[PDB]
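Asker: Can you look at this? It's an experimental structure, sequence on top.
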Amino acid sequence: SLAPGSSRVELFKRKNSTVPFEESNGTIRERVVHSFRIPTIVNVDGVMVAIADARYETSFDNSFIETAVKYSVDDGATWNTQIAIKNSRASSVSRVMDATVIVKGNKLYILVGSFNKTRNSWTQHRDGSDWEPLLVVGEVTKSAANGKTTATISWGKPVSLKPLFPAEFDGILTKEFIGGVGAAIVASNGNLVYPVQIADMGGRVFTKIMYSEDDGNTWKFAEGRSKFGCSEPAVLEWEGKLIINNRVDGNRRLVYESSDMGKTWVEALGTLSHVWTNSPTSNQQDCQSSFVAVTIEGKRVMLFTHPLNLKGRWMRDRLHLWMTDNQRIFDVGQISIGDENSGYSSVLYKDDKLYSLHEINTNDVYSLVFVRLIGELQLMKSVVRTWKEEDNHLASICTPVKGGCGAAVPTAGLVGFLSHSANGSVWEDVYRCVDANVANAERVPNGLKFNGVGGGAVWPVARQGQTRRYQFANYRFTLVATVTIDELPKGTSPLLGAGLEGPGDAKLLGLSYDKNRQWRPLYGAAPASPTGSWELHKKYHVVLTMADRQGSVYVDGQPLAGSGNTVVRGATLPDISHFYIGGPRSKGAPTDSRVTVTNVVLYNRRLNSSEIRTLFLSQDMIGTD
Ligand SMILES: *[C@]1(C(=O)O)O[C@@H]([C@H](O)[C@H](O)CO)[C@H](NC(C)=O)[C@@H](O)[C@H]1F
């Protein structure tokens, strides 16, 4: 739960917080609001701006709603309250909802869906006639009298973008669109970039980019899109690419990349796609997430929020915050309290302080809490320092060909590292994200010596459970280790590799050794024929690479026979259960591989010839012992 040091308040209080509702005649009355939903909090020029649905009468989507704002110039000491956007007043369920926000300069751009009288769900409408996509510009103005700083925000007249909306995309006939919800972006080229969600006539849902090159005068829909079934997209920019992180009801969350401003989308199979999901079993309603790029401790990272939803459906208990540098993925922790139902969420890093505005739900009455994430930021900084330190350390090792070293120890795409630190049953990731689980082992410099049944370590992949941070390995990986065989096996015994989920004891790619002192590389389901020669007690360098559905095993820098073969046949992504180190098993054959393994490194890409050599030549230099 919310860390020690951290605190929150109910900033938008259900059945309590009033908003200045304007009547038809133009008189203002403070009007109490049943539920506050769909939060975004942003910084505009030193001013915090918090945007929400004011669901006046009920929490239900197709009800009477207007866009509320609270803003502060003293970082949440005090707030002023507004309705930024009024609904049409056509009926008892007229609504403006699902605010998607862009900050450029002292301006906010708010995109909402406006509906007049439908009582059913937007994806289910018969046509788009009840609907309008509305753009509203706010301008923030500051000024100080008598020391004290004040601000005002003036909201312009909404503009419908309906006329900009094509009737068709690649033959698909369009119905409606809304923003993806939450904080969107100004790209590095100044483009206003909205991720949008689109419903076709059929009610299918897919996502796209809608962008403006001209501070919002005109708008273009880029050519690429998601698979059907993606909603409420969140976008950030990272190393010259848009990254679009999608809601997927009833399956795992799809993440795409585009480096041509949305024209071409490529699924992020090698980093973030299918890592996050809706529930432990992946078959539940999903939920909106915030997805924001920030710079912490001099390092650019992405921040991502989503409930675990252990309760299922819409309950959305146990809101977590993850932080990723697109290689490692760290769970900062649960930011909601206890088993409370949370929901939609927003996150903001401002003046070196970290905040969330998110939903809490009891009996489907919703407030929005404003959270000072004090302990979380402290942990985040520690983790970032660890990442920069070990990367700087590794990259600063002089490798054998001394200004006149070999190529640097590869660090780009280094996800994880198991070295000196270990206790009883845990082998610690140096990068502090995913540890290995250990049995029948004894500590040695930079690793472990296994003896007894199931002696070995399990570095979980699918076995991470819900959030699958090593999902990338199903698409590509390099696994590296330094090994000694300590005792001859009776026949054939395992050493290193990737196991597959499911019946049998199938492996994607692996290495075993046998009684005749030969190696037995395993390329998918192919027979694990012997090759080469080793001797007991001698240190070998082992590298496994898999990319483009092909695998290669290297010993002391050199590929073993069969290397380059196809390890996965078919278009279906492998499902790797774990990496095994030694012969771990909690069942089956009582494997007892007598090996010692140290310095196990995992990369989210197939390393090149020179990188492999460099690792082999630097074996002795990279340990944390
Ligand atoms: C979120 C929510 O799930 O709690 O759902 C949205 C949609 O119902 C959902 O994505 C189905 O298409 C709501 N909006 C609308 C316009 O229906 C969000 O406001 C929110 F309700």
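Answerer: Arrived safely. Residues are numbered from 1 along each chain as shown.
Asker: secondary structure element for residue 137?
Answerer: Element membership of residue 137, judged by DSSP states H and E, is strand 131-144.
Asker: Tell me the secondary structure at residue 68.
Answerer: Following DSSP: H, G, I helix; E, B strand; the rest coil, we place residue 68 in the strand state.
Asker: Residues of this structure that sit close to the ligand?
Answerer: 38, 61, 97-98, 113, 121-123, 231-232 (CB under 6 Å from any ligand atom). Every residue, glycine included, has its C-beta placed from N, CA and C.
Asker: Next up, the contacts around residue 469.
Answerer: Residue 469 is in contact with 275, 329, 433-434, counting by CB atoms under 8 Å, 6 or more residues apart in numbering.
Asker: run the last query once more with 6 Å
Answerer: 275, 329, 434 (CB atoms under 6 Å, 6 or more residues apart in numbering).
Asker: Report the secondary structure state of the last one.
Answerer: The reference is to residue 434. Of the three states, residue 434 takes coil under three-state DSSP.
Asker: and it, backbone torsions?
Answerer: Backbone geometry at residue 434, expressed as degrees, to the nearest 10, gives phi -130, psi 110.
Asker: How about the second one?
Answerer: Here the main-chain torsion angles of residue 329 (degrees, to the nearest 10) amount to phi -140, psi 120.
Asker: residues near it, how many?
Answerer: 25 (other CB atoms under 10 Å).
Asker: From residue 624, how far off is the residue nearest to it when sequence neighbours are not counted?
Answerer: Of all residues not flanking residue 329 in the chain, residue 469 sits nearest, at 4.3 Å (CB to CB, 6 or more residues apart in numbering). From residue 469 across to residue 624, the span is 21 Å (CB to CB, to the nearest Å).
Asker: again with residue 395
Answerer: For residue 395 relative to residue 624 (CB to CB), the value is 15 Å.
Asker: ok so, going back, most neighbours, which of the residues of the chain next to the ligand?
Answerer: Using other CB under 10 Å as the neighbour test, the residues of the chain next to the ligand are led by residue 38, with 29 neighbours.
Asker: Now do the buried residues in the helix or strand harbouring it.
Answerer: Residue 38 is part of strand 35-44 when elements are defined by DSSP H and E. Within strand 35-44, the residues that count as buried by 16 or more other CB atoms under 10 Å are 35-44.
Asker: What strands line up against the next helix or strand after that strand, and which way round?
Answerer: Following strand 35-44 in sequence order, the next helix or strand is strand 47-55 (DSSP H and E). Here strand 47-55 has these sheet partners by DSSP bridges: strand 35-44 (antiparallel), strand 65-72 (antiparallel).
Asker: Need those in JSON lines (columns: distance to residue 133).
Answerer: Shown next, in JSON lines, are these (distance: least, CB to CB, whole Å):
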{"stretch": "strand 35-44", "distance to residue 133": "16"}
{"stretch": "strand 65-72", "distance to residue 133": "13"}
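Asker: Kindly state the beta-bridge partners for the residue in the stretch 351-500 of the chain that the ligand sits nearest to.
Answerer: Ranked by CB to the nearest ligand atom, the top residue of the stretch 351-500 of the chain for proximity to the ligand is residue 359, at 8.7 Å. In this entry, residue 359 is beta-bridged to residue 368, by DSSP bridges.
Asker: so what's residue 526 closest to, chain neighbours aside?
Answerer: Using CB to CB, 6+ apart, the nearest residue to residue 526 is residue 565, at 6.5 Å.
Asker: My read is that that neighbour contacts residue 522, right?
Answerer: No - using CB atoms under 6 Å, residue 565 makes no contact with residue 522, being 10.5 Å away.
Asker: list the buried ones in the helix or strand containing residue 371?
Answerer: Secondary-structure assignment from DSSP H and E places residue 371 in strand 365-372. By 16+ other CB under 10 Å, the buried positions in strand 365-372 come out as 366-372.
Asker: Show the contacting residues for the residue nearest to residue 362 when sequence neighbours are not counted.
Answerer: Nearest residue to residue 362, sequence neighbours excluded (CB to CB, 6+ apart): residue 341, at 7.0 Å. Contacts for residue 341 were tallied using CB under 6 Å, 6+ apart; they are 315-317, 361.
Asker: any chance of those in a markdown table, plus neighbour count?
Answerer: Shown next, in a markdown table, are the contacts of residue 341 (neighbours: other CB atoms under 10 Å):
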| residue | neighbour count |
| --- | --- |
| 315 | 21 |
| 316 | 31 |
| 317 | 19 |
| 361 | 21 |
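Asker: Would you mind giving these as CSV with secondary structure added?
Answerer: Output for the contacts of residue 341, formatted as CSV (three-state DSSP):
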residue, secondary structure
315, coil
316, coil
317, strand
361, strand
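Asker: neighbours around residue 471, how many?
Answerer: For residue 471, the neighbour count with other CB under 10 Å is 26.
Asker: Give me the phi and psi for it.
Answerer: phi -40, psi -30.
Asker: need the contact list for it.
Answerer: The contact partners of residue 471, taken as CB under 6 Å, 6+ apart, are 274-275.
Asker: same for the strand holding residue 137, what does it pack against?
Answerer: strand 107-115, strand 149-155 (3 or more CB pairs under 6 Å, 6 or more residues apart in numbering; DSSP states H and E).
Asker: one more time with 7 Å
Answerer: Contact here means 3 or more CB pairs under 7 Å, 6 or more residues apart in numbering; DSSP states H and E; on that basis strand 131-144 packs against strand 80-85, strand 107-115, strand 149-155, strand 159-160, strand 172-179.
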